């Protein structure tokens, strides 16, 4: 269901990383499979050729934490007005304090050790339940 439409109509786009993370752009191909593209360092931009009706999302390249693009989850290139590219402004969401604490704890503890932590079993499961593109495609469907 979530897949790019095969329009064959070019649309030039600027990916603009205004996050402090290294960004992984993901294209959803014509069968809905996520396809990763080259990463963008913090604060950098890339001018890229995409197509009308194509679907993109953006993740932290190291941890797969979710990012926003023009304030939402999904970016779809539109028709270019007077040869101007479309801006995709990539930013941090306001994470919940719980999700933000899980991110920091995951960045400090190897997965083999999550169980040694003195915390409730439901938090062990929250740590192990890493952010992942597949899981979010199931969610957004």
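Here the rigid core means the biggest group of C-alpha atoms that line up within 1.5 Å when the two forms are laid on top of each other. Positions refer to the first chain, counted from 1.
Core-fitted comparison in 9 other deposited structures of this protein, 12 to 20 vs 114 to 122, farther C-alphas: Farther on average in 9 other deposited structures of this protein: 114 to 122.
Given 62 to 70 and 83 to 91, the range whose Cα B-factors average higher in the PDB entry: Stretch with the higher mean C-alpha B-factor: 83 to 91.
Per the entry, higher mean C-alpha B factor between 22 to 30 and 112 to 120: Stretch with the greater average CA B-factor: 112 to 120.
Residue of maximum C-alpha B factor among 78, 50, 96, 103, per deposited coordinates: Spelled out: the listed residue with the top C-alpha B-factor is 78.
For residue 12, the third of its chain into which the C-alpha B factor falls: As the PDB entry reports it, the C-alpha B-factor of residue 12 lands in the middle third of its chain.
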